[PDB]
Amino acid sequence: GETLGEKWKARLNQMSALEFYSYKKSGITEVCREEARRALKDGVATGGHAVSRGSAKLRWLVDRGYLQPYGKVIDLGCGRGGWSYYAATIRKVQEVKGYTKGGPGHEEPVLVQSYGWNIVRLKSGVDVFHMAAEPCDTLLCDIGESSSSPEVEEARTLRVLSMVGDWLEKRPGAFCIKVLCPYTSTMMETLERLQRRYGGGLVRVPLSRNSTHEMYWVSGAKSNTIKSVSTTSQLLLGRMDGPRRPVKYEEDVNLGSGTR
């Protein structure tokens, strides 16, 4: 019983290195992030330049009402902190706590002074899967590493989803959770069951590359799982045909400066 997403995964794996390369950015939405690129690679933040592409992904969802962060924000798997620092600029957000693994193969928090930096605390060296859940108003989680195997992507997603369940049981009023693999029938059933229990819906963020089927389970969406997943699968499959399309650019994120 093969889904569209599984056919996309199979075809993605059949691509030559050149085909994959041309495909992965074809027609996507993008932020250029030229302008403080060397500063970031040096490990010094510049003003209100975002520390990662993640700020733009969160911005895209917030600008469209897919969630309205407020109160105490928890950011699981914060990496460099792009989500935490974007959240700190939202008027109703009061406090941001980010946790991430860091160390060798992994992103360390970047320490910056974009607007609202002083209500942000990011901590490295923590395994979020070993943290007991805690009350919060806005729950964010951006964890899930890609794999050429769909069974692996699926298993990795189910572990993430089991982990956030403890946090959702605390009943945050807003959330945004990356779903690395939504495209197997087991995943779709699991996601429907989670939406029945916790609400929200799945959204494809168009700044995601075509090389990942990731979607975001967000409290401000209402979507049908089959509709949102199948539409994404069909978009990704369609971009495999025909000539390569250019990227569409948004304005770089500007998180300003100053305390709150």
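Heads up: residue numbers just count along the shown sequence, starting at 1.
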**Q.** Entry-level comparison of average CA B-factors, 99-107 and 171-179, reporting the higher stretch
**A.** 99-107
Q | Between 32-40 and 46-54 (mean CA B-factor, as deposited), the higher | A | 32-40
Q: Name the one of 226, 61, 215, 207 with the greatest CA B-factor according to the PDB entry.
A: 226
Q. Highest Cα B-factor in the deposition, which of 138, 113, 157, 149?
A. 113
(Q) Where does the C-alpha B-factor of residue 24 rank in its chain, lowest, middle or highest third? (A) middle
Q.
Looking at the temperature factor on the CA atom of residue 250, which third of the chain's modelled residues does it land in?
A. middle
Q.
Taking only the Cα B-factors deposited for this chain, tell me whether residue 89 sits in the lowest, middle or highest third.
A. middle
Q. Looking at the C-alpha B-factor of residue 188, is it in the lowest, middle or highest third of its chain?
A. highest
Q) Should residue 121 be placed in the lowest, middle or highest third of its chain by the C-alpha B factor in the entry? A) middle
